[PDB]
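Novice: Please read through the structure below; I'll follow up with questions.
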Amino acid sequence: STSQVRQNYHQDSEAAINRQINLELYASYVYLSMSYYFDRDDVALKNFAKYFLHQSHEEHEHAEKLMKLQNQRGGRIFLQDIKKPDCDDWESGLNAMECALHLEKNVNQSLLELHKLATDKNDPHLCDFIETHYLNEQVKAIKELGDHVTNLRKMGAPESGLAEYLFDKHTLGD
Amino acid sequence: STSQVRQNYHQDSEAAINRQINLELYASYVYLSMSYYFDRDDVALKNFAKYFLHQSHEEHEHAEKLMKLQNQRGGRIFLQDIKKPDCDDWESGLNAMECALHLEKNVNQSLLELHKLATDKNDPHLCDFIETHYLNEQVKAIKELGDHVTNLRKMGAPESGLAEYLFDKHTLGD
Amino acid sequence: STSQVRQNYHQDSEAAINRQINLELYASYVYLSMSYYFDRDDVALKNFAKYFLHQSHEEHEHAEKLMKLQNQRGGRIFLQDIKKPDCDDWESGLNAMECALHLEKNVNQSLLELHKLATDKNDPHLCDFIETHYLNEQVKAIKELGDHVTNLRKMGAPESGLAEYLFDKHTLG
Amino acid sequence: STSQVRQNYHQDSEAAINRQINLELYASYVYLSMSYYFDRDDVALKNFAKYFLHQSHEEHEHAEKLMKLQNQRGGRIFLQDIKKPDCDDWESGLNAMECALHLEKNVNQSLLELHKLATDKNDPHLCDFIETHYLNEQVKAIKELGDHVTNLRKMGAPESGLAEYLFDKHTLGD
Amino acid sequence: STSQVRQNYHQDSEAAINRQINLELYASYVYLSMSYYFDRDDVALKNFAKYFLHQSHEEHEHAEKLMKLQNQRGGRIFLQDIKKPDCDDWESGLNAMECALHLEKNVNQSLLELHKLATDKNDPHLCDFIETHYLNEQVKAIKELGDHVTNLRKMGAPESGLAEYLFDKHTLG
Amino acid sequence: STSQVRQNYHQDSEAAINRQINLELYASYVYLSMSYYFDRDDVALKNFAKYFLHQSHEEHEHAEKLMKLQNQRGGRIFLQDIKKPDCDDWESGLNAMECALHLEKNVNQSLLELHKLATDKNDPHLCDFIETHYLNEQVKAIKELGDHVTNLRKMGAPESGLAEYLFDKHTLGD
Ligand code: NA
Ligand code: NA
Ligand code: NA
Ligand code: NA
Ligand code: NA
Ligand code: NA
Ligand code: NA
């Protein structure tokens, strides 16, 4: 049965929105895993943990806003399993940052495919939603992760534990 | 003659902007009619009246912003008659909400056709104007009107006058 | 059936109130047209536009108050088409002021005929309503528009664009 | 290798903590599903949605605190898939409240089994952790959900939509 | 090699961003020239100078935002010579306003071509960037410059120095 | 014709002021290039970028003050092309600081030649203008750039990326 509010909202866009919801929830799960990995007593980088917890919360907000959009357009939310992250151990702050960069680029690629689908279906409201709330957020996150990776590599990470300690203090601390 | 400021502004877009101006003015007229229908002593739903007056003011602001855009791009405003609404009596709060939902969906359809036209003419400024100031406003208005219709139906409207009274108090009051 | 609140409210008064509502809505439409005429890039008199937008809001408030009165007395609102203004181009600030003076005098004439009808129907509440909320408002608007036309004419409008610019700055600003 | 901080922390307690983490994340997922079910335009009970979103946040805080405890005792976090909820459609406010009551009782049962395990392993710190941060939280949640279900049934839910509307307004609103 | 952050960013978009940076810097240079032209003792219209200095600052901020975007997407900034303006003497306030209108329309045309390129490359982030930070800014600047030119012409500029004096005082002040 | 305000303002001084205007604009351009070089994701030294942006603004203020002086004395501003900087890539923070030191010494040499010309033309107002607003600014900028180069060299730059990171944090940050 069609929703009383549905208008110019293709079924493919609805399915793709559900997939994007699942993907953003998965990204939040990955970031939560990273955060509490750096909370371990044998890693002990509290600011890495805080940074990744903040990224987890940001991805969760992305997912919730996608669910709200789904309801706004008359689509129907269908949730799926949130897969566990690929790693239980993230090795180092540099490796965690590189994995976060890869994850953000994958989420951005999915969002670009979603925008392409919305464009092909002539859905300007969905295109504008994606542009306003996701595309530049992903661009900024990717640029910041690239900066962090560059600085960590230049400081001597991951071989230099002093490098990761000082980066945790001076960049991710304040 | 051509305006000294006109640039990448097609004649068809100008005419469509004038048509949209007339349509938004008509929608404001319809909402004003509804509002003062609920002000009648034999209807007496003060919060319904306030809600529809607010919707009238919003539609009028849409029309004024369209006129400002027309002047910004070097087009020329051509006003037409504002036709009276199709009904003098709106029967009930639920029926008024359903008519408002239908009207907002018609205005949204006209806005989507206008955006398709702006896209065909390669007018990205007009596309951005429509996306930023109208499309999501329509989506939110339609979602809210659907919520109102749903609650009124589930409460027992329009047969239950108690339902419309309580909805006027608890939803449209605060 | 008759409204439970209707008392001493003649049918002719009700019809005339509906006509006056349509007229006030039309006057607001005309003022809106003028306002956005002076917003054009080839006219560009911001304060003329602001003045006429304010007049448009005043006329719309008059119409809403008439609708409220109609409901207060037990009458029934019947809306009609709001006709487009007679002009799309108002030529100049002086000509727009003269057209506004003419429009306000027509609205005042309609209001005086409505007061005459209310008097013939022995409806003192309606007479007092018109006196309190419309008649002096019209007298003041007409006096102000006459002052504006006089100043614009004496300054050299409409031939002198400098005159309309300075009037836009110093009077309407 | 064994953590430098591990002391009197049994492996079974560690595995059970991981299981409890997964269960609390699952409960948060269920509550989020419920919340955005009530955000649908054909349901439109915003206070039900807010209440269930708050319960989702509560379960997520429970999960994060369990992860922090795991790291505190020298255990190692191992995350698993977060299974999708059993329902996509929650039918009614009363049925959603009943499902939430069932869910809270299941989480409480798991917490009680975990406390029994901690008692058998002579881990008084874990017993105190569970008592202080979870058991009474569950008792309060279960009591409140029972109150809500009782009021909804006595008002005439789920047949009376007026009942769910008024309960959304007067109980979950203020 | 390709930046670790580069994603869906075409080489043509990068080159066009560099060209747009050069163009915005050039527009800032032209506005600075105009501003300090009106600072001359034989012109002496301080508010024209203030207006054009503000426009120079706006165009340079546009250029800095383009450079920030270039770095955000993984492109590489390549700066070029900033050509001197076509005029050292701008003759009058009206002629300066007309030249500014022409310049803003040229910048807007380049921005529209850049947006069309971004559309052809299916780069929605760049399209949104251009729409959000440039297109409406250009539309507003062009509308305002048109208003200024219209008022200056109607007041009697450029033959009437009194017109430019009064416009400097009452509009740009 | 001669300006009504011109007095004791030689033709050579006017031409030299125009040349100095071009040179200060060129220096601002060079500093802007450096600043946005350090904004690159593969360099990522935020405080170096801020420092060089500030130096760019300082040089632009110098140029604007020269233009104001030109108009004050009755001279006529003649602008020229602002040449692009000699480098697109500044290699390192230490090399950028050394290039900035070289640039500031070149600007100072031009200012000293300009003061020599003003002295030969018996223009005490121009001498005082140069002394008050430019010469000591150049001396202070050169001293500061020398301090920065010295510290960067002593810390181990440019081979040690940790050195440039820590200098960015502790010197250019506060
Ligand atoms: Na857009
Ligand atoms: Na992100
Ligand atoms: Na609307
Ligand atoms: Na009036
Ligand atoms: Na709970
Ligand atoms: Na501009
Ligand atoms: Na300097």
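FYI, nothing fancy with the structure tokens labels: chains A, B, ... in order, residues from 1 per chain, ligands from 1 as they appear.
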All in-order C-alpha pairs, least squares, chain A moved onto chain D. Output the fitted coordinates as a tab-separated table (two decimals) with C-alpha atoms, in the first residue's frame, please.
Specialist:
```tsv
chain	number	residue	atom	x	y	z
A	1	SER	CA	48.77	-13.43	26.98
A	2	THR	CA	47.41	-12.26	30.33
A	3	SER	CA	46.87	-8.55	30.88
A	4	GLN	CA	49.10	-6.84	33.44
A	5	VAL	CA	45.91	-5.68	35.23
A	6	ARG	CA	43.95	-8.96	35.24
A	7	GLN	CA	43.15	-10.24	38.74
A	8	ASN	CA	40.41	-12.63	39.89
A	9	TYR	CA	38.74	-12.32	36.46
A	10	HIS	CA	37.60	-15.70	35.13
A	11	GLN	CA	37.49	-16.46	31.40
A	12	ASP	CA	33.83	-17.47	31.70
A	13	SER	CA	33.02	-14.05	33.15
A	14	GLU	CA	34.87	-12.45	30.22
A	15	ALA	CA	32.91	-14.46	27.64
A	16	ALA	CA	29.64	-13.73	29.45
A	17	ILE	CA	30.46	-10.00	29.46
A	18	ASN	CA	31.00	-10.14	25.70
A	19	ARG	CA	27.64	-11.91	25.27
A	20	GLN	CA	25.94	-9.27	27.44
A	21	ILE	CA	27.51	-6.52	25.32
A	22	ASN	CA	25.99	-8.12	22.23
A	23	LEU	CA	22.61	-8.46	23.95
A	24	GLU	CA	22.47	-4.82	25.09
A	25	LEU	CA	23.42	-3.65	21.60
A	26	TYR	CA	20.63	-5.84	20.20
A	27	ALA	CA	18.16	-4.30	22.66
A	28	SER	CA	19.22	-0.80	21.57
A	29	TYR	CA	18.65	-1.88	17.96
A	30	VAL	CA	15.14	-3.15	18.82
A	31	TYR	CA	14.27	0.10	20.60
A	32	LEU	CA	15.57	2.16	17.66
A	33	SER	CA	13.38	0.10	15.32
A	34	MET	CA	10.34	0.73	17.54
A	35	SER	CA	11.07	4.46	17.77
A	36	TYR	CA	11.25	4.97	14.04
A	37	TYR	CA	8.24	2.71	13.56
A	38	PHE	CA	6.18	5.22	15.51
A	39	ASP	CA	7.69	8.00	13.34
A	40	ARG	CA	5.85	6.61	10.28
A	41	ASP	CA	3.18	8.85	8.77
A	42	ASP	CA	0.55	6.10	9.18
A	43	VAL	CA	1.29	5.69	12.92
A	44	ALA	CA	2.39	9.18	13.98
A	45	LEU	CA	2.86	8.89	17.75
A	46	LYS	CA	5.84	11.20	18.27
A	47	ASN	CA	6.03	10.64	22.03
A	48	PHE	CA	6.06	6.85	21.65
A	49	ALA	CA	8.95	7.40	19.23
A	50	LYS	CA	10.76	9.66	21.70
A	51	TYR	CA	10.26	7.17	24.55
A	52	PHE	CA	11.63	4.26	22.55
A	53	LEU	CA	14.55	6.38	21.30
A	54	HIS	CA	15.39	7.17	24.93
A	55	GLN	CA	15.24	3.46	25.79
A	56	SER	CA	17.55	2.72	22.84
A	57	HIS	CA	20.06	5.27	24.13
A	58	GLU	CA	19.86	3.78	27.62
A	59	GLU	CA	20.60	0.28	26.31
A	60	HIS	CA	23.53	1.65	24.29
A	61	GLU	CA	24.93	3.22	27.46
A	62	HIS	CA	24.58	-0.17	29.16
A	63	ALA	CA	26.61	-1.77	26.36
A	64	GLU	CA	29.34	0.89	26.43
A	65	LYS	CA	29.69	0.56	30.21
A	66	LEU	CA	30.03	-3.21	29.80
A	67	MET	CA	32.81	-2.65	27.24
A	68	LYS	CA	34.56	-0.29	29.65
A	69	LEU	CA	34.30	-2.90	32.43
A	70	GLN	CA	35.74	-5.55	30.11
A	71	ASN	CA	38.76	-3.33	29.50
A	72	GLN	CA	39.02	-2.42	33.21
A	73	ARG	CA	39.38	-6.05	34.31
A	74	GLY	CA	41.89	-6.96	31.60
A	75	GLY	CA	39.45	-8.89	29.43
A	76	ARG	CA	39.35	-8.56	25.66
A	77	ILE	CA	36.32	-7.28	23.77
A	78	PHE	CA	35.08	-9.56	20.98
A	79	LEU	CA	32.13	-8.10	19.10
A	80	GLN	CA	29.57	-10.11	17.14
A	81	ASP	CA	26.85	-9.33	14.62
A	82	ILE	CA	23.97	-7.26	15.97
A	83	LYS	CA	20.95	-9.24	14.80
A	84	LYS	CA	18.05	-7.36	13.26
A	85	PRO	CA	14.88	-7.17	15.39
A	86	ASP	CA	12.21	-9.86	15.07
A	87	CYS	CA	9.58	-7.41	13.77
A	88	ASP	CA	9.62	-4.65	11.17
A	89	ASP	CA	6.06	-3.62	12.10
A	90	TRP	CA	5.12	-3.21	15.77
A	91	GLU	CA	1.33	-3.02	15.19
A	92	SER	CA	0.45	-0.63	18.02
A	93	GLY	CA	1.76	1.28	21.00
A	94	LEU	CA	0.38	-1.37	23.34
A	95	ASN	CA	2.03	-4.19	21.40
A	96	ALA	CA	5.31	-2.26	21.27
A	97	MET	CA	5.15	-1.74	25.05
A	98	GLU	CA	4.47	-5.46	25.60
A	99	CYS	CA	7.42	-6.38	23.36
A	100	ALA	CA	9.60	-3.90	25.27
A	101	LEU	CA	8.53	-5.46	28.58
A	102	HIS	CA	9.44	-8.92	27.26
A	103	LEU	CA	12.78	-7.62	25.96
A	104	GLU	CA	13.64	-5.97	29.29
A	105	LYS	CA	12.75	-9.14	31.19
A	106	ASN	CA	15.01	-11.14	28.87
A	107	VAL	CA	17.89	-8.71	29.36
A	108	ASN	CA	17.30	-8.85	33.13
A	109	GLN	CA	17.36	-12.66	33.04
A	110	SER	CA	20.68	-12.60	31.18
A	111	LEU	CA	22.03	-10.14	33.77
A	112	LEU	CA	20.86	-12.37	36.63
A	113	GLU	CA	22.62	-15.35	35.05
A	114	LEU	CA	25.74	-13.18	34.68
A	115	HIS	CA	25.56	-12.24	38.36
A	116	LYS	CA	25.10	-15.92	39.25
A	117	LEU	CA	28.23	-16.75	37.25
A	118	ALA	CA	30.19	-13.96	38.95
A	119	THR	CA	29.05	-15.26	42.35
A	120	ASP	CA	30.08	-18.84	41.51
A	121	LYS	CA	33.52	-17.55	40.45
A	122	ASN	CA	33.90	-15.47	43.66
A	123	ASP	CA	34.22	-12.18	41.78
A	124	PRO	CA	32.75	-9.60	44.20
A	125	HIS	CA	33.79	-6.63	42.05
A	126	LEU	CA	31.81	-7.93	39.06
A	127	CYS	CA	28.82	-8.73	41.29
A	128	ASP	CA	28.91	-5.18	42.67
A	129	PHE	CA	29.25	-3.71	39.16
A	130	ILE	CA	26.17	-5.61	37.99
A	131	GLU	CA	24.18	-4.69	41.11
A	132	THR	CA	25.06	-1.01	40.97
A	133	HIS	CA	24.64	-0.32	37.25
A	134	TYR	CA	22.17	-2.85	35.87
A	135	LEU	CA	19.86	-4.76	38.23
A	136	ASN	CA	17.83	-1.87	39.63
A	137	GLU	CA	17.82	-0.13	36.24
A	138	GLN	CA	16.17	-3.24	34.80
A	139	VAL	CA	13.73	-3.48	37.73
A	140	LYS	CA	12.70	0.16	37.24
A	141	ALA	CA	12.36	-0.23	33.47
A	142	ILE	CA	10.22	-3.36	33.89
A	143	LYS	CA	7.98	-1.69	36.49
A	144	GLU	CA	7.51	1.36	34.25
A	145	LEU	CA	6.68	-0.79	31.21
A	146	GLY	CA	4.17	-2.72	33.30
A	147	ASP	CA	2.54	0.55	34.37
A	148	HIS	CA	2.36	1.71	30.74
A	149	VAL	CA	0.88	-1.59	29.54
A	150	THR	CA	-1.69	-1.55	32.36
A	151	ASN	CA	-2.80	2.00	31.56
A	152	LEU	CA	-2.99	1.33	27.81
A	153	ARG	CA	-5.11	-1.79	28.37
A	154	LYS	CA	-7.41	0.01	30.80
A	155	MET	CA	-7.90	2.92	28.37
A	156	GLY	CA	-9.13	0.54	25.65
A	157	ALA	CA	-5.99	-0.05	23.56
A	158	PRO	CA	-5.28	-1.28	20.95
A	159	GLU	CA	-8.84	-1.14	19.59
A	160	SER	CA	-9.24	2.48	20.74
A	161	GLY	CA	-6.90	4.74	18.78
A	162	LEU	CA	-8.09	7.60	20.97
A	163	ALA	CA	-6.61	5.68	23.89
A	164	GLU	CA	-3.15	5.53	22.32
A	165	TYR	CA	-3.35	9.17	21.22
A	166	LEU	CA	-4.27	10.37	24.72
A	167	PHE	CA	-1.65	8.12	26.34
A	168	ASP	CA	0.99	9.48	23.96
A	169	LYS	CA	-0.05	13.01	24.96
A	170	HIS	CA	-0.57	12.77	28.73
A	171	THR	CA	1.84	10.04	29.92
A	172	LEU	CA	4.72	9.97	27.42
A	173	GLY	CA	4.45	13.69	26.60
A	174	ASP	CA	4.91	15.39	29.96
```
Novice: Please give me, as an MDAnalysis selection string, the residues lying within 6 Å of ligand 6 when counting only C-alpha atoms and all ligand atoms.
Specialist: chainID E and resid 59 104 138 141
Novice: Go ahead and write the residues just picked, N, CA, C and O atoms, as an mmCIF file, in the first residue's frame.
Specialist:
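The resulting selection-v5.cif:
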```cif
data_model
loop_
_atom_site.group_PDB
_atom_site.id
_atom_site.type_symbol
_atom_site.label_atom_id
_atom_site.label_comp_id
_atom_site.auth_asym_id
_atom_site.auth_seq_id
_atom_site.Cartn_x
_atom_site.Cartn_y
_atom_site.Cartn_z
ATOM 1 N N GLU E 59 35.817 39.061 -3.366
ATOM 2 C CA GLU E 59 36.366 38.215 -4.427
ATOM 3 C C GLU E 59 37.596 37.436 -3.971
ATOM 4 O O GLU E 59 37.773 36.257 -4.318
ATOM 5 N N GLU E 104 31.423 41.060 -12.819
ATOM 6 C CA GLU E 104 30.695 40.061 -12.049
ATOM 7 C C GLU E 104 29.967 39.097 -12.970
ATOM 8 O O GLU E 104 29.907 37.896 -12.690
ATOM 9 N N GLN E 138 26.863 35.623 -6.656
ATOM 10 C CA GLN E 138 26.979 36.338 -7.922
ATOM 11 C C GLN E 138 25.650 36.948 -8.345
ATOM 12 O O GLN E 138 25.615 38.087 -8.824
ATOM 13 N N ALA E 141 25.144 40.035 -6.181
ATOM 14 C CA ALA E 141 26.056 41.111 -6.561
ATOM 15 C C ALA E 141 25.633 41.752 -7.877
ATOM 16 O O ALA E 141 25.686 42.980 -8.028
#
```
Novice: Rounded to one decimal in Å, what is the spacing between atom CA of residue 34 of chain E and atom CA of residue 150 of chain E?
Specialist: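 Calculated distance between atom CA of residue 34 of chain E and atom CA of residue 150 of chain E is 19.2 Å.
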Novice: Go ahead and compute the interatomic distance for atom CA of residue 143 of chain C and atom CA of residue 87 of chain C, in Å to one decimal.
Specialist: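 Those two atoms sit 23.5 Å apart.
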Novice: As an NGL selection string, which residues of chain C does DSSP assign to helix (DSSP H, G or I)?
Specialist: :C and (11-37 or 46-72 or 93-120 or 124-155 or 161-170)
Novice: May I have the residues of chain C within 10 Å of chain E, counting only C-alpha atoms, written as a list in words?
Specialist: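 Filtering chain C at 10 Å from chain E with only C-alpha atoms gives residues 39, 40, 41, 42, 43, 44, 45, 46, 159, 160, 161, 162, 163, 164, 165, 166, 169 and 170 of chain C.
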Novice: Write a file of the selected residues as a short mmCIF file (atom, residue, chain, number, x, y, z; two decimals), in the first residue's frame, keeping N, CA, C and O atoms.
Specialist:
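Okay, selection28.cif is ready:
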```cif
data_model
loop_
_atom_site.label_atom_id
_atom_site.label_comp_id
_atom_site.auth_asym_id
_atom_site.auth_seq_id
_atom_site.Cartn_x
_atom_site.Cartn_y
_atom_site.Cartn_z
N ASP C 39 10.97 47.02 -6.91
CA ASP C 39 12.10 46.13 -6.65
C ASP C 39 12.85 45.75 -7.92
O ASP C 39 13.94 45.16 -7.84
N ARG C 40 12.31 46.08 -9.10
CA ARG C 40 12.97 45.75 -10.36
C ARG C 40 14.32 46.45 -10.47
O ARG C 40 14.51 47.56 -9.98
N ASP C 41 15.26 45.79 -11.16
CA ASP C 41 16.60 46.35 -11.30
C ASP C 41 16.61 47.63 -12.12
O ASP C 41 17.52 48.45 -11.94
N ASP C 42 15.63 47.84 -13.00
CA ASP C 42 15.53 49.05 -13.79
C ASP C 42 14.62 50.10 -13.16
O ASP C 42 14.24 51.06 -13.83
N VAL C 43 14.23 49.90 -11.90
CA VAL C 43 13.50 50.92 -11.14
C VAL C 43 14.29 51.22 -9.88
O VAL C 43 14.79 52.34 -9.69
N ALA C 44 14.42 50.21 -9.01
CA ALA C 44 15.40 50.20 -7.91
C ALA C 44 15.20 51.37 -6.94
O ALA C 44 16.09 52.19 -6.72
N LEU C 45 14.01 51.43 -6.35
CA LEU C 45 13.69 52.39 -5.29
C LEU C 45 13.25 51.57 -4.08
O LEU C 45 12.06 51.27 -3.92
N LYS C 46 14.21 51.19 -3.24
CA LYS C 46 13.94 50.24 -2.15
C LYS C 46 12.85 50.74 -1.20
O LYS C 46 12.05 49.95 -0.69
N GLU C 159 9.80 63.66 -14.20
CA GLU C 159 10.88 63.91 -15.15
C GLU C 159 12.24 63.83 -14.47
O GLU C 159 13.21 63.35 -15.06
N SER C 160 12.33 64.30 -13.23
CA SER C 160 13.58 64.30 -12.48
C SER C 160 13.68 62.99 -11.69
O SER C 160 12.98 62.80 -10.69
N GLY C 161 14.55 62.09 -12.15
CA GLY C 161 14.82 60.89 -11.39
C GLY C 161 15.54 61.17 -10.09
O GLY C 161 15.39 60.42 -9.12
N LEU C 162 16.33 62.25 -10.06
CA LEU C 162 16.95 62.71 -8.82
C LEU C 162 15.90 63.02 -7.76
O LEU C 162 16.11 62.75 -6.57
N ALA C 163 14.77 63.60 -8.17
CA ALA C 163 13.70 63.92 -7.23
C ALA C 163 13.16 62.66 -6.58
O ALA C 163 13.00 62.60 -5.35
N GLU C 164 12.87 61.63 -7.38
CA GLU C 164 12.32 60.40 -6.81
C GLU C 164 13.36 59.68 -5.97
O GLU C 164 13.02 59.08 -4.94
N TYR C 165 14.64 59.73 -6.37
CA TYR C 165 15.69 59.14 -5.54
C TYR C 165 15.76 59.82 -4.17
O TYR C 165 15.78 59.15 -3.13
N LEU C 166 15.80 61.15 -4.16
CA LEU C 166 15.92 61.87 -2.89
C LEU C 166 14.67 61.71 -2.03
O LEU C 166 14.76 61.63 -0.81
N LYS C 169 14.89 58.43 -0.40
CA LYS C 169 15.85 58.43 0.71
C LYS C 169 15.29 59.15 1.94
O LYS C 169 15.32 58.60 3.05
N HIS C 170 14.79 60.37 1.77
CA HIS C 170 14.56 61.27 2.90
C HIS C 170 13.15 61.20 3.47
O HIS C 170 12.97 61.50 4.65
#
```
Novice: Would you give me, as a tab-separated table, each residue of chain C having an atom within 12 Å of an atom of ligand 4, along with its shortest atom pair and that distance in Å to one decimal, using only C-alpha atoms and all ligand atoms and sorting by chain and residue number?
Specialist:
```
residue	atom	partner	partner_atom_place_in_ligand_line	distance
C:23	CA	ligand 4	1 (Na)	10.8
C:24	CA	ligand 4	1 (Na)	8.2
C:25	CA	ligand 4	1 (Na)	10.9
C:26	CA	ligand 4	1 (Na)	11.3
C:27	CA	ligand 4	1 (Na)	7.9
C:28	CA	ligand 4	1 (Na)	8.8
C:30	CA	ligand 4	1 (Na)	11.4
C:31	CA	ligand 4	1 (Na)	9.9
C:52	CA	ligand 4	1 (Na)	10.8
C:54	CA	ligand 4	1 (Na)	10.3
C:55	CA	ligand 4	1 (Na)	6.8
C:56	CA	ligand 4	1 (Na)	8.5
C:57	CA	ligand 4	1 (Na)	9.7
C:58	CA	ligand 4	1 (Na)	6.7
C:59	CA	ligand 4	1 (Na)	5.7
C:60	CA	ligand 4	1 (Na)	9.5
C:61	CA	ligand 4	1 (Na)	10.0
C:62	CA	ligand 4	1 (Na)	8.1
C:63	CA	ligand 4	1 (Na)	10.5
C:100	CA	ligand 4	1 (Na)	8.9
C:101	CA	ligand 4	1 (Na)	9.2
C:102	CA	ligand 4	1 (Na)	10.7
C:103	CA	ligand 4	1 (Na)	8.2
C:104	CA	ligand 4	1 (Na)	5.4
C:105	CA	ligand 4	1 (Na)	8.6
C:106	CA	ligand 4	1 (Na)	9.7
C:107	CA	ligand 4	1 (Na)	7.1
C:108	CA	ligand 4	1 (Na)	7.9
C:109	CA	ligand 4	1 (Na)	11.5
C:110	CA	ligand 4	1 (Na)	11.6
C:111	CA	ligand 4	1 (Na)	10.6
C:133	CA	ligand 4	1 (Na)	10.8
C:134	CA	ligand 4	1 (Na)	8.1
C:135	CA	ligand 4	1 (Na)	9.4
C:136	CA	ligand 4	1 (Na)	9.8
C:137	CA	ligand 4	1 (Na)	6.6
C:138	CA	ligand 4	1 (Na)	5.2
C:139	CA	ligand 4	1 (Na)	8.6
C:140	CA	ligand 4	1 (Na)	8.6
C:141	CA	ligand 4	1 (Na)	5.8
C:142	CA	ligand 4	1 (Na)	7.8
C:143	CA	ligand 4	1 (Na)	10.9
C:144	CA	ligand 4	1 (Na)	10.6
C:145	CA	ligand 4	1 (Na)	10.2
```
Novice: To one decimal in Å, tell me the separation between atom CA of residue 1 of chain E and atom CA of residue 118 of chain E.
Specialist: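 Here the two named atoms are 22.3 Å from each other.
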